[PDB]
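**Student:** Please find one structure pasted underneath; my questions will follow.
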Amino acid sequence: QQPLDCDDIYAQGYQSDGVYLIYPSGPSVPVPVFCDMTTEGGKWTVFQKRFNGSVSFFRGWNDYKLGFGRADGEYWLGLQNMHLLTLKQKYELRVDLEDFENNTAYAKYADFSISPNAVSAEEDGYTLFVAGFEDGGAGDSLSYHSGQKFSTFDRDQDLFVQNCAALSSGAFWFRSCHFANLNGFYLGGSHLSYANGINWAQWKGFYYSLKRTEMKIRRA
Amino acid sequence: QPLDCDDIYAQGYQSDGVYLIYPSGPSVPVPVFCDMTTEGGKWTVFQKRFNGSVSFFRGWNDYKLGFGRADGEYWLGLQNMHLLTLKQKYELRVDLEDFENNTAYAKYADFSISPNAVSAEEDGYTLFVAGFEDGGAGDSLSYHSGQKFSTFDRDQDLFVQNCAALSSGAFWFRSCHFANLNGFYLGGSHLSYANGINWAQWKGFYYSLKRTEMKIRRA
Amino acid sequence: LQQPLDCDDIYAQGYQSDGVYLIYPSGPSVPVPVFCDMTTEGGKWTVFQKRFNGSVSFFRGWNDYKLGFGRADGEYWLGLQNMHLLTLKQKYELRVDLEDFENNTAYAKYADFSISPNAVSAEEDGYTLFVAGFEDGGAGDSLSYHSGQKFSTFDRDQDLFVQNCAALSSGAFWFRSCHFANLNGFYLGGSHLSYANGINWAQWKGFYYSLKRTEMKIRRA
Amino acid sequence: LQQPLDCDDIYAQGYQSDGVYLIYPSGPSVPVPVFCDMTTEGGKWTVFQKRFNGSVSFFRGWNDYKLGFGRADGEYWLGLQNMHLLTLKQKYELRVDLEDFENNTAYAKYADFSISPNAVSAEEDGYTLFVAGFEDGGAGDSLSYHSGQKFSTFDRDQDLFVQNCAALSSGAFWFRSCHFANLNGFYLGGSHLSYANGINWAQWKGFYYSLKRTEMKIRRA
Amino acid sequence: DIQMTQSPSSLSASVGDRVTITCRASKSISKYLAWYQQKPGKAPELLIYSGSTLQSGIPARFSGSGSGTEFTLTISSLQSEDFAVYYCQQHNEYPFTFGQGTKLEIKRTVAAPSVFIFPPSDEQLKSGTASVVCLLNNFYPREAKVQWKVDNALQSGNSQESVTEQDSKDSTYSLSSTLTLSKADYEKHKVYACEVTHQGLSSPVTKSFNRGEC
Amino acid sequence: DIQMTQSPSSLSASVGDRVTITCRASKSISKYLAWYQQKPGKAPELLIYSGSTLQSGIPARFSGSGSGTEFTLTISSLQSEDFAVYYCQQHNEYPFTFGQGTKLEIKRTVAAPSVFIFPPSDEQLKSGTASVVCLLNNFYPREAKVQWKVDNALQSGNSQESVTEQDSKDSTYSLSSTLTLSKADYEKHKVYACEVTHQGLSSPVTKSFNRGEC
Amino acid sequence: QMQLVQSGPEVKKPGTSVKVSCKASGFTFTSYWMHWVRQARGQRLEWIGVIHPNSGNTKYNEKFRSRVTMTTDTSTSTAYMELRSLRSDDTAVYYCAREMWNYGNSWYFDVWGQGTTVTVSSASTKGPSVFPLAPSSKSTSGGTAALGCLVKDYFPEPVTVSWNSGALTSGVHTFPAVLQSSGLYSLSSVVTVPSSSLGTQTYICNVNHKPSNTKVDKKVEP
Amino acid sequence: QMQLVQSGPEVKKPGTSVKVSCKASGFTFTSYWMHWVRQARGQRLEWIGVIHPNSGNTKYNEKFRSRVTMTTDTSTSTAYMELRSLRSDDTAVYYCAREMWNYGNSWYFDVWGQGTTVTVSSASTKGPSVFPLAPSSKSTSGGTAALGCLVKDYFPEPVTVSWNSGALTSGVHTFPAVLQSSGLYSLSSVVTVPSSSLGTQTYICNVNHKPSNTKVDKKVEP
Ligand SMILES: [Ca+2]
Ligand SMILES: [Ca+2]
Ligand SMILES: [Ca+2]
Ligand SMILES: [Ca+2]
C-alpha cells in the first residue's frame with residue numbers, strides 16, 4: 001500500500017519529521033518531500049523550503065512545473081505534483097517565516113488548492129485558490145493572490161502590463177504585483193530595491209528579505 | 001482505482017458532484033462531474049454548459065486534452081473519452097434546456113470514439129452512435145455518426161469550406177452539423193445561421209440553448 | 001482482472017473466432033485493438049499488418065509508423081513500439097500471407113522474429129528487424145535480406161543507400177541498399193512498369209507486380 | 001500481481017541463471033531488458049554498465065546516457081533515468097568488476113549507492129552520484145572522489161573544471177576537477193600514451209592503462 | 001411524494017388461470033419499477049425490475065409491462081408456489097415509496113361459517129371482567145361481518161376480531177370476535193348474541209344465549 | 001513542562017443551571033485543547049477537542065471556547081447525566097499534560113451530620129489494638145472536619161477518614177473517621193470524643209463516651 | 001451462501017433507542033450498497049435509508065432524519081441501524097436489504113435479511129390469564145361442537161398455545177393476537193371435536209409465555 | 001462495536017515488572033495510534049507514551065523512558081505496555097486509548113479501554129479481621145440508631161460487604177477503604193436502622209475476600 005500525501009505517512013506509523021517518499025502520481029514513481037510532523041500536530045507536506053539562499057529560485061516555467069531542488073534543504077515540490085494532491089483531497093495551508101532578528105511568524109488558510117477541479121492544469125495556468133484565513137504572526141498576503149495564474153519570466157500571466165515576475169526576480173501567482181514574493185532573490189535582510197526579495201508585505205514590508213521560508217500543506 | 005464513474009457508484013459515492021477517475025491509469029487522474037441522479041445515475045459527463053462564461057471556440061489541442069472546470073462548464077477531452085469508450089461499452093444521453101423553462105433529451109444505446117482504431121489521432125477521433133431512443137429532442141447525432149472531430153485548426157469535415165469556422169464551434173461535422181453543442185453561446189434566438197449551441201431537430205438552427213450536457217454510462 | 005497481452009493468450013482465454021480483440025502490450029492501463037487470425041495453421045496469430053482494399057495509404061511518416069495507424073477491422077499497421085513491446089517479453093514466430101490478382105495464395109514463415117531484441121532503447125537501435133530460420137511456403141525468402149536493418153521512412157533515412165530508399169520505394173521498411181520486400185509500398189493494383197515501388201515480394205512475383213492482399217502475422221514461439 | 005522492478009525480485013521469481021531479463025523500473029507499462037549477474041557473490045546483481053568487446057562507443061551524448069543505449073547481450077548502458085528510478089525506491093549496493101589484458105581480475109564494492117537521492121527531479125540535480133562505505137577488492141577506491149558530482153557529457157558540462165573534462169577524457173562520468181575513474185572512456189585496449197582518456201581506474205592500473213572488461217553492478221541493500 | 005397504490009386490494013383466483021395485478025403512480029415515474037413476492041413471515045423476494053425485466057431464477061410465466069403512471073404484473077398460469085402477497089416499489093426517484101400490497105389467494109367453493117357462541121367463564125367473572133366470544137369456523141370467502149347485540153341493542157367500540165390466514169388443507173378461513181365488558185355491565189343485561197353476515201347466507205345468522213341459562 | 005491547572009477544584013450546582021469550568025495553561029498552548037467527562041469507576045469519555053469542536057454524539061449543550069492561556073467549558077442547562085468529573089488535556093505539544101480534575105456535584109438543601117461514635121469491640125481489644133470510629137451520616141455540603149480528643153487533648157497523625165461519594169437518592173454524603181491506638185494506649189486515658197465542624201453547625205458538635213460506660 | 005443475519009427482536013419503551021444489527025456473509029460486504037426497510041403489519045413498506053460500508057456515505061429518508069443513524073463495522077462485515085427516539089407507531093418488522101448492481105438504474109433489492117420484529121409500547125412485561133371457553137349443548141351443531149381457551153391480558157408477544165401437549169392438531173384454529181386498548185395483547189384458540197367424545201375425552205390447552213416465564217395448563221369442562 | 005479490553009488488576013512487589021494487555025475489536029487495529037495513560041487516584045492523569053501497530057514506532061514520556069516498553073502483536077490485534085522497574089508511587093489505573101484521525105491536530109483520544117488497576121506494595125496477601133461496631137443507647141438519636149462492621153487489616157483490594165446476605169440495602173453506607181501505614185487496607189460499613197427494631201431484627205454483615213478466599217459473617221448486638 002502506497003502513501004500519496006504525508007498525512008498518510010502519519011497513518012503508516014511514522015512521526016519523525018524528515019525526508020519521505022509519497023506517491024502523488026501513482027505507485028509507479030514516487031517523489032521525495034520533507035514533512036514537518038512536529039508543528040501544530042504535524043502531518044505537514046512541505047512544497048517550498050528556503051533558508052541558506054544558496055539555491056536560486058529565479059527559475060523558468062518548466063522547472064516550476066516539474067519541481068527543483070533537494071528534499072533535504074531548499075526545494076520546490078513542483079506545480080504539477082501540488083495539483084495532483086489538491087485535486088484528489090482538500091487541503092489546508094500554513095506558511096512559516098523568519099527574519100534576521102530571531103523572530104518567527106506564520107499564516108494559515110483553511111482551504112488551499114492549485115487550479116481546483118480543472119480538467120487540465122496547463123490550460124488554467126495552475127491558478128491559486130485560498131479561502132478563510134487564520135492569522136498567525138504575519139498578515140494575510142495570499143488572499144490578494146487567490147485566483148491568479150502562476151507566472152514566470154518565461155510565461156507572463158500577471159495582470160500587469162510589465163512582467164511582474166521579471167521585475168520581482170522570482171515566481172508567484174502575480175496580480176498587478178505581489179504582496180508575497182516567497183520565490184524572490186535572497187537579498188538577506190533589508191534592500192533598497194522595491195519588492196524583489198523574499199517578502200511578506202504584511203509582516204516585514206516590501207524592503208525586507210526574510211531568512212527562512214517554508215510553505216506547508218495538510219489534509220483538510 | 002475507478003476509471004469511470006459507474007465504478008464510483010460501486011465505490012460507495014452517490015451524491016452528484018466533482019469526482020476523480022483514472023481513465024489513463026493510476027498515474028494521473030482527471031476530474032469530472034457525475035450525474036448520479038438522472039435515470040438512476042452513474043452518468044459520466046464529458047460536456048457541460050449553462051453560464052456561457054467559458055468559450056468553446058477553442059483549438060484542436062484544447063479539445064484533445066480537455067479544457068474548463070469540472071464544477072461549471074467544461075469539456076473532458078477527446079483522448080480521455082477515447083480511453084473510456086475503448087475498454088468498455090457505453091450509453092449516451094444528452095440533456096438540453098431552452099430559455100422557456102423546457103427540458104429535452106435524446107439517448108443512444110451505443111456510443112464510441114474511434115472504436116477499434118489502433119490510434120485515435122490518425123482516425124481523427126471518429127464519433128459512432130447506434131440505436132437511438134427518443135426523448136424530448138429529436139435525433140441530430142445520427143447524422144454525425146462516422147465523422148471525424150473537426151476544429152478551425154484541423155478541418156476534417158466533408159465540406160469544401162471549414163464548417164467548424166462557420167459554426168463557431170467544434171464538432172464531428174459532415175457537410176455541416178445538425179447539432180453544434182459547442183457553438184457560440186448566443187443565448188436565445190439569433191439571426192445568424194447554425195453557429196450557436198443548436199440542436200436542429202428540437203429548436204432549429206436559429207435558436208441557442210441555455211443549458212447543455214452530454215452524459216455517458218456503462219453499457 | 002487478468003489481462004491478455006498477446007493474442008495467443010486470447011486462445012487460452014477461450015476465444016477462437018478470428019476478429020477484433022483487445023490486448024494489453026503496454027500494460028493494464030491502455031489496450032490497443034488488433035485483428036487475430038485464429039483459423040490459419042492452428043490460429044493464435046496476432047496481425048500487425050493488413051492490406052487488401054488499397055484505400056488506406058501506407059506512405060506515412062516515422063511518427064505514424066512508430067505509434068501505429070489504421071483500423072483493426074480493415075487495413076492497418078499496429079505500430080513499431082507495440083511490436084517492440086511484444087517481441088521484447090516473448091519469443092515469436094513470423095508468417096506472412098500474400099495474394100495476387102490471379103486467385104493465387106502464397107506465404108513464408110520465419111522461426112524467430114523480433115524488433116530490436118535485447119535493446120535497452122528501441123529508438124537508439126532504430127527498431128532493427130531480426131529474422132532467423134526460414135521455412136518455405138508459396139513465396140520465397142525476401143526478409144532474410146532485411147534482417148539487422150533499422151526501420152526507415154522519408155522522415156528518417158536509416159538505409160544503407162546513399163539515396164532514401166524509402167522515398168524511392170514509396171513506402172516504409174527495414175531497407176538495406178534497397179528492398180526485396182516492400183509490403184508498405186503504393187497499392188498500384190497489378191503489374192507496373194516502374195521499378196520496385198509497389199507492394200512487392202521479389203521472390204514470388206518480382207519487382208514489377210503489386211499484390212492485392214497482404215498481412216503479416218505473429219504467434220508465440 | 002506486482003511486476004519485478006529490479007533483478008533481486010527476479011531471483012525471488014525463481015530464475016537464477018545469469019542472462020538477459022526484463023525488469024519494470026518505471027512501471028508495468030514499459031519494461032527495459034537488463035543483464036543480471038546471478039553468479040557473482042550470491043547473485044541478484046542488476047548490471048547498468050557492460051564493456052568488453054570494445055565495439056560499442058560510449059562517447060555518446062547526454063540524451064543517449066539518460067535514456068540508455070546498447071544491447072543487453074553485449075556492451076550497453078542502462079540509462080541514468082532507469083538507474084534513478086531503482087535507487088529512488090530501494091536502497092542499493094554497488095560492485096564494479098574489472099579485468100585487464102594480463103588475465104587479472106579486480107573489483108571494488110560500495111555499501112550505499114544512489115543517483116540524485118532525495119531530489120525532486122533528477123534532471124535538475126544533474127543525476128548526482130552518491131557512494132558511501134567502500135570495501136576493498138582488487139582495485140582501489142576511485143569512485144569516492146566522484147560522489148556528489150553531476151553526470152557530465154560533451155553535451156552538458158557539469159564538472160568543476162574550467163575545461164570540458166568529459167570532452168578531454170573521451171567519455172561520460174560524474175566528473176570533478178577530473179576523474180580518477182572513467183569507465184566510459186574510449187576503449188584504448190591496453191596501455192596508451194594519452195592522458196586519462198581510456199577506460200581508466202586510477203588506483204588499480206593508473207591513468208595510462210585501459211582495461212579489457214568492465215561492468216558496474218547493483219543489488220538490493 | 002410519489003405514492004404507490006396497488007389494485008386490486010385482494011384477488012382470488014385458481015391454479016392455471018391468467019392473473020393480472022396493477023400498480024398506479026401518482027406522478028410520472030418513467031420506465032423504472034420493480035415487483036416483490038412476500039410469503040407469510042418471510043422476507044420479500046424480488047421478481048421484476050425496471051418495469052419489465054425479470055430477475056434470474058424467476059419462472060418465465062412471470063412478466064411485467066407498463067410505463068409512465070400505470071404498470072401491470074401478469075402471470076400466464078398460476079401455481080401453488082405463486083400464492084402470496086405482491087408488493088410494488090417506486091424505484092425511479094429517491095424518496096422511495098412502496099405499494100399497498102395485493103393479496104393473491106386461492107379460490108375454492110363458497111362455504112358458510114359454522115357459528116358458535118361462548119359465554120364468559122365463571123373464573124373470569126370473579127376477576128371483574130366479562131368477555132363474550134363468537135367463532136365463525138371454516139368459511140369462504142374471507143369477507144364476513146359480525147354484529148354484537150345485547151338485549152337486541154347493537155354494540156360498537158367494545159368488540160375486536162381476528163382472522164386466521166387461509167387454511168392449508170381446505171383453504172377456508174376462521175374468525176374470532178371478542179366482546180369485552182365489565183362484570184357489572186355484563187350482569188345488568190340478559191340476552192347476548194352475535195349477528196353474522198356472510199355471502200353464503202341470505203340473511204344474518206344469530207347465535208345467542210341468556211345470562212345464567214346454563 | 002506545560003502544567004495544566006483547573007478551576008474550581010470542586011463546583012456544586014443544580015439541574016438546569018449554566019455552569020462553566022476553566023482550564024489554565026502555564027505557557028502559550030495555542031488553539032488546541034480537549035475536555036473529558038469521567039464517571040466514577042469508568043473510562044473517560046471525550047467531549048470537546050481543538051478548543052471549541054465537539055465530538056459526534058455529544059449533546060449540543062456542551063460547548064468550548066478560549067485560546068492561548070485560558071480556556072472554558074460551559075453547559076447551557078445541566079442534566080442528571082452531566083454530573084461527573086471533567087478533565088482538560090494539553091493537546092498542543094508532545095510532553096502531554098492533563099488537568100487537575102474538577103468535581104461537578106449536585107446541590108441540595110444543607111443538612112447537618114447525624115453523628116454516632118462506636119467504641120472498640122471486646123473482640124478487637126483482645127488482639128492488642130483498639131479502633132474508635134466516628135460516623136457522620138447523611139450531610140451536605142461534603143466539606144466537613146473531624147478532630148479527635150482523648151481526655152480533651154487534640155490528636156493528629158493517628159486518625160484516618162473516608163468519605164462516600166454523593167448518594168443517589170438523597171444526594172447526601174457520609175464520612176467515617178477511624179482512630180487507631182494500641183491496647184495499652186487506649187487503657188491509659190478515659191474520655192474519647194470526635195469533634196465535628198460543619199457549615200450547618202455554629203460551633204463544633206462533640207460526641208463522646210467513657211471506657212466501660214455502656 | 002449469500003445470507004443476511006439480523007439481530008433478534010427487542011421490546012422498547014417510548015422515547016428510548018434501539019440498535020439493530022445485520023451481518024453479511026457469502027459476498028464481499030464492502031462492494032454492495034445496504035438498504036433498510038420496515039414493514040408495519042398490514043401496511044405499506046417504508047424505506048429508511050441507504051449506506052455503503054466501504055465509504056460510509058449515507059442517504060436517509062427525509063422523515064427519519066435526525067432520528068436514525070447508520071454505521072458499519074468493516075472488520076465483522078456487519079451493518080447497524082439505530083433509531084434514536086422511539087414512537088408507539090414504530091412497532092414494525094425491520095429488514096436490511098442489499099442493492100444489486102446492474103448497469104443502469106439498479107436501486108432494487110435482490111437479497112434480504114429475515115426481519116427483526118421491534119415492539120414499542122409503554123406496557124410492562126405481564127403474564128397471561130387463561131380462561132376456558134366451555135362447550136355446551138347449544139353450541140353443538142349435529143355431532144360436532146367447539147371449545148377453546150382465551151389467553152387474555154399479556155405483554156409482550158409471543159405466546160404459544162397447544163392442545164393436549166400437541167397431541168391434538170386436527171381442527172385447531174389459533175387466532176392472531178389483538179392489541180387491546182389497555183396495551184396488553186389477547187388471543188383465543190379453539191378446536192372442533194365430536195360432541196359424542198365430550199364425556200370421555202379430556203381437553204387441556206397449554207399456554208406458554210416465555211417473556212414473563214409462565215407455563216399454564218387449563219382443563220375445559222362443560 | 002468499537003471496544004478495547006484491557007487486562008485485569010495485578011499486584012506486584014516493588015522493583016518488579018508488570019505487563020499490561022489491551023486487545024482491540026471493532027476497528028482495524030493497524031490503522032490507528034495507541035496511547036497509554038495512567039490515573040493515580042485523585043491525581044493528575046499522566047500520559048505514558050504512544051505506539052503504532054503497523055510500523056512499531058514508539059514515542060514515550062521523558063520521565064518514563066528506559067522503564068516502560070511498548071509492543072504490539074498484529075495477529076491478535078493486541079497492544080502491550082510494560083513498566084520494567086516498579087515504584088510504590090506507580091500505583092494507579094492504567095488505560096489504553098485510541099487516537100482518532102481527524103484532518104489536523106488529532107492527538108486526542110476518542111476510545112478508551114476500561115482500566116487496569118495496578119497495585120505495587122511490599123505487603124503480602126492477608127485476610128481481613130472483622131470487628132462489630134455495636135449500637136448503644138448513647139449513639140441513638142431519637143428513634144434511629146446506627147451499627148456497623150470494621151473490616152480491618154487485609155491485603156490486597158477488594159473486599160465486599162453486604163448486610164443480611166444482601167436483603168438489607170436502604171440506609172447502608174460502605175466507605176472507601178483506607179491504606180494504613182502497615183501496608184494493609186481498612187474500611188468500615190455502617191447502616192442506620194430503627195432503634196426499636198434492635199430487639200427483634202438480627203443484623204449480620206457478610207465480608208468476602210476473594211484474593212485470600214475468606215468468607216466471614218459477623219453478627220452485631222448492643
Ligand atoms: Ca504582464
Ligand atoms: Ca473542409
Ligand atoms: Ca540513405
Ligand atoms: Ca567544465
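Each chain of the C-alpha cells is named A, B, ... in the order shown, its residues numbered from 1; ligands are numbered from 1 in display order.
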Could you pull out the residues sitting within 10 Å of ligand 2, using only C-alpha atoms and all ligand atoms, and write them as a list in words?
**Tutor:** residues 150, 152, 154, 155, 156, 157, 158, 159, 160, 161, 162, 163, 164, 165, 173, 174, 175 and 176 of chain B
**Student:** Give the residue list for ligand 4 at 7 Å, counting only C-alpha atoms and all ligand atoms, as a count of residues only, sorted by chain and then by residue number.
**Tutor:** 9
**Student:** Show me which residues line ligand 1, defined as having an atom within 8 Å of a ligand atom where only C-alpha atoms and all ligand atoms count, and present them as a short mmCIF file (atom, residue, chain, number, x, y, z; two decimals) with C-alpha atoms, in the first residue's frame.
**Tutor:**
data_model
loop_
_atom_site.label_atom_id
_atom_site.label_comp_id
_atom_site.auth_asym_id
_atom_site.auth_seq_id
_atom_site.Cartn_x
_atom_site.Cartn_y
_atom_site.Cartn_z
CA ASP A 156 3.67 36.13 -18.08
CA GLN A 157 0.17 35.56 -16.71
CA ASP A 158 0.04 38.57 -14.35
CA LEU A 159 -2.46 41.42 -14.68
CA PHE A 160 0.36 43.99 -15.09
CA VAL A 161 1.50 45.47 -18.41
CA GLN A 162 5.07 44.75 -17.32
CA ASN A 163 6.35 41.28 -16.39
CA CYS A 164 5.97 41.39 -12.62
#
**Student:** Would you kindly return, as a ChimeraX atom specification, each protein, DNA or RNA residue with an atom no farther than 8 Å from any atom of segment 137-139 of chain A, considering only C-alpha atoms and excluding same-chain residues fewer than 3 positions away?
**Tutor:** /A:104-107,200-203
**Student:** Please dump the current selection as a PDB file, in the first residue's frame; keep N, CA, C and O atoms.
**Tutor:**
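Printed below is again-v7.pdb as written:
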ATOM      1  N   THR A 104       9.849  34.748  14.533  1.00  0.00           N
ATOM      2  CA  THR A 104       9.078  33.805  13.741  1.00  0.00           C
ATOM      3  C   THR A 104       7.666  34.339  13.553  1.00  0.00           C
ATOM      4  O   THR A 104       7.163  35.108  14.376  1.00  0.00           O
ATOM      5  N   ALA A 105       7.026  33.913  12.473  1.00  0.00           N
ATOM      6  CA  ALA A 105       5.668  34.332  12.157  1.00  0.00           C
ATOM      7  C   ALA A 105       5.073  33.279  11.242  1.00  0.00           C
ATOM      8  O   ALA A 105       5.763  32.356  10.812  1.00  0.00           O
ATOM      9  N   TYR A 106       3.775  33.387  10.984  1.00  0.00           N
ATOM     10  CA  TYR A 106       3.129  32.417  10.107  1.00  0.00           C
ATOM     11  C   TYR A 106       1.755  32.932   9.712  1.00  0.00           C
ATOM     12  O   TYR A 106       1.295  33.967  10.192  1.00  0.00           O
ATOM     13  N   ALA A 107       1.137  32.223   8.774  1.00  0.00           N
ATOM     14  CA  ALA A 107      -0.227  32.493   8.352  1.00  0.00           C
ATOM     15  C   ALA A 107      -0.831  31.183   7.873  1.00  0.00           C
ATOM     16  O   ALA A 107      -0.156  30.395   7.212  1.00  0.00           O
ATOM     17  N   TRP A 200       7.201  39.149   2.677  1.00  0.00           N
ATOM     18  CA  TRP A 200       5.817  39.049   3.117  1.00  0.00           C
ATOM     19  C   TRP A 200       5.416  40.468   3.495  1.00  0.00           C
ATOM     20  O   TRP A 200       5.864  40.989   4.524  1.00  0.00           O
ATOM     21  N   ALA A 201       4.612  41.095   2.635  1.00  0.00           N
ATOM     22  CA  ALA A 201       4.315  42.516   2.772  1.00  0.00           C
ATOM     23  C   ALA A 201       3.727  42.829   4.140  1.00  0.00           C
ATOM     24  O   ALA A 201       4.161  43.767   4.817  1.00  0.00           O
ATOM     25  N   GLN A 202       2.755  42.033   4.577  1.00  0.00           N
ATOM     26  CA  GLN A 202       2.030  42.374   5.787  1.00  0.00           C
ATOM     27  C   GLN A 202       2.857  42.169   7.054  1.00  0.00           C
ATOM     28  O   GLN A 202       2.469  42.687   8.104  1.00  0.00           O
ATOM     29  N   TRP A 203       3.946  41.396   6.998  1.00  0.00           N
ATOM     30  CA  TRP A 203       4.779  41.153   8.173  1.00  0.00           C
ATOM     31  C   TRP A 203       5.994  42.072   8.232  1.00  0.00           C
ATOM     32  O   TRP A 203       6.243  42.684   9.274  1.00  0.00           O
TER      33      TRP A 203
END
**Student:** Can you tell me, as a PyMOL selection string, which residues in segment 62-96 of chain H count as strand (DSSP E or B) by DSSP?
**Tutor:** chain H and resi 68-73+78-83+92-96
**Student:** Give as a ChimeraX atom specification every residue of chain B that touches chain C within 9 Å, counting only C-alpha atoms.
**Tutor:** /B:23-26,83,86-87,114-123
**Student:** DSSP on the backbone: what in segment 59-153 of chain E comes out alpha helix (DSSP H), as a ChimeraX atom specification?
**Tutor:** /E:122-127
**Student:** Produce a table with one row for each residue of chain G that has an atom at most 12 Å from any atom of chain F, each row naming the nearest atom pair and its distance in Å at one decimal; use only C-alpha atoms; arrange rows by chain and rising residue number; format as JSON lines.
**Tutor:**
{"residue": "G:66", "atom": "CA", "partner": "F:57", "partner_atom": "CA", "distance": 11.5}
{"residue": "G:69", "atom": "CA", "partner": "F:57", "partner_atom": "CA", "distance": 10.5}
{"residue": "G:84", "atom": "CA", "partner": "F:57", "partner_atom": "CA", "distance": 11.1}
**Student:** Can I get the selected residues back with C-alpha atoms, as a compact mmCIF listing (two decimals), in the first residue's frame?
**Tutor:**
# COMPACT_ATOMS: atom_id res chain seq x y z
CA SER G 66 -32.24 13.22 12.98
CA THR G 69 -28.22 6.83 12.29
CA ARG G 84 -32.84 7.24 18.48
**Student:** Quick one: which residues from chain C are at most 9 Å off chain D, using only C-alpha atoms, as a PyMOL selection string?
**Tutor:** chain C and resi 25-30+85+88-89+116-122+124-125
**Student:** Skipping near chain neighbours, those fewer than 3 positions away, what residues fall within 6 Å of segment 19-30 of chain E using only C-alpha atoms, listed as a PyMOL selection string?
**Tutor:** chain E and resi 2-7+67-75+92
**Student:** Which residues, written as a count of residues only, have at least one atom at most 8 Å from residue 1 of chain B, with only C-alpha atoms counted and residues fewer than 2 positions away on the same chain left out?
**Tutor:** 4
**Student:** Pick out the residues sitting within 8 Å of residue 142 of chain B, and hand them over as an mmCIF file with N, CA and C atoms, in the first residue's frame; count only C-alpha atoms, and ignore anything fewer than 2 positions along from it in its own chain.
**Tutor:**
data_model
loop_
_atom_site.group_PDB
_atom_site.id
_atom_site.type_symbol
_atom_site.label_atom_id
_atom_site.label_comp_id
_atom_site.auth_asym_id
_atom_site.auth_seq_id
_atom_site.Cartn_x
_atom_site.Cartn_y
_atom_site.Cartn_z
ATOM 1 N N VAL B 129 -22.428 6.420 -33.090
ATOM 2 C CA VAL B 129 -23.623 6.246 -32.273
ATOM 3 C C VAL B 129 -24.575 5.340 -33.038
ATOM 4 N N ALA B 130 -25.229 4.432 -32.314
ATOM 5 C CA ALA B 130 -26.103 3.429 -32.915
ATOM 6 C C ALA B 130 -27.550 3.706 -32.507
ATOM 7 N N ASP B 139 -33.489 13.473 -33.200
ATOM 8 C CA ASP B 139 -32.254 12.741 -33.461
ATOM 9 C C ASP B 139 -31.394 13.563 -34.413
ATOM 10 N N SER B 140 -30.428 14.284 -33.847
ATOM 11 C CA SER B 140 -29.450 15.032 -34.622
ATOM 12 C C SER B 140 -28.117 14.310 -34.752
ATOM 13 N N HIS B 144 -24.376 12.677 -37.588
ATOM 14 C CA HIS B 144 -22.957 12.921 -37.375
ATOM 15 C C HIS B 144 -22.123 11.654 -37.262
ATOM 16 N N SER B 145 -22.752 10.491 -37.098
ATOM 17 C CA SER B 145 -22.005 9.265 -36.852
ATOM 18 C C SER B 145 -21.070 8.950 -38.013
#
**Student:** Could you work out how far atom CA of residue 128 of chain H lies from atom CA of residue 137 of chain F, giving the answer in Å with one decimal?
**Tutor:** 24.6 Å
**Student:** Can you check which residues of chain E have any atom within 12 Å of chain B? Use only C-alpha atoms and format it as a ChimeraX atom specification.
**Tutor:** /E:29-33,50,90-94
**Student:** Kindly export the residues of the current selection with N, CA and C atoms, as a PDB file, in the first residue's frame.
**Tutor:**
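File part-v8.pdb, as written:
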ATOM      1  N   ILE E  29     -43.355   8.336 -13.347  1.00  0.00           N
ATOM      2  CA  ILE E  29     -42.303   7.543 -12.716  1.00  0.00           C
ATOM      3  C   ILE E  29     -41.325   6.952 -13.732  1.00  0.00           C
ATOM      4  N   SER E  30     -41.602   7.084 -15.037  1.00  0.00           N
ATOM      5  CA  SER E  30     -40.739   6.592 -16.109  1.00  0.00           C
ATOM      6  C   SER E  30     -40.747   5.067 -16.164  1.00  0.00           C
ATOM      7  N   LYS E  31     -39.806   4.494 -16.917  1.00  0.00           N
ATOM      8  CA  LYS E  31     -39.765   3.055 -17.170  1.00  0.00           C
ATOM      9  C   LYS E  31     -39.573   2.221 -15.906  1.00  0.00           C
ATOM     10  N   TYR E  32     -39.092   2.813 -14.818  1.00  0.00           N
ATOM     11  CA  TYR E  32     -38.440   2.057 -13.751  1.00  0.00           C
ATOM     12  C   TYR E  32     -39.426   1.693 -12.648  1.00  0.00           C
ATOM     13  N   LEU E  33     -39.667   0.390 -12.491  1.00  0.00           N
ATOM     14  CA  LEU E  33     -40.491  -0.158 -11.424  1.00  0.00           C
ATOM     15  C   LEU E  33     -40.029  -1.581 -11.141  1.00  0.00           C
ATOM     16  N   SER E  50     -37.097  -2.715 -13.057  1.00  0.00           N
ATOM     17  CA  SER E  50     -37.114  -1.727 -14.138  1.00  0.00           C
ATOM     18  C   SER E  50     -38.329  -1.903 -15.049  1.00  0.00           C
ATOM     19  N   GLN E  90     -41.282   1.910  -5.901  1.00  0.00           N
ATOM     20  CA  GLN E  90     -41.224   3.151  -6.663  1.00  0.00           C
ATOM     21  C   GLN E  90     -40.065   3.142  -7.650  1.00  0.00           C
ATOM     22  N   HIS E  91     -38.821   3.073  -7.156  1.00  0.00           N
ATOM     23  CA  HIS E  91     -37.647   2.695  -7.952  1.00  0.00           C
ATOM     24  C   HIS E  91     -37.002   3.837  -8.748  1.00  0.00           C
ATOM     25  N   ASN E  92     -37.778   4.819  -9.215  1.00  0.00           N
ATOM     26  CA  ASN E  92     -37.237   5.819 -10.139  1.00  0.00           C
ATOM     27  C   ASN E  92     -36.538   6.961  -9.407  1.00  0.00           C
ATOM     28  N   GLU E  93     -37.202   7.527  -8.406  1.00  0.00           N
ATOM     29  CA  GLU E  93     -36.743   8.668  -7.623  1.00  0.00           C
ATOM     30  C   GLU E  93     -36.269   8.195  -6.244  1.00  0.00           C
ATOM     31  N   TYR E  94     -35.681   9.111  -5.467  1.00  0.00           N
ATOM     32  CA  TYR E  94     -35.060   8.711  -4.204  1.00  0.00           C
ATOM     33  C   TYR E  94     -35.892   8.910  -2.932  1.00  0.00           C
TER      34      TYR E  94
END
**Student:** Excluding segment 184-189 of chain C and its own-chain neighbours fewer than 4 positions away, which residues fall within 12 Å of it when counting only C-alpha atoms? Please give them as a ChimeraX atom specification.
**Tutor:** /C:49-61,65,75-77,99-102,151-153,165-175,179-180,193-201,207-216
**Student:** Please measure the separation of atom CA of residue 114 of chain D and atom CA of residue 155 of chain D, giving the value in Å to one decimal.
**Tutor:** 22.8 Å
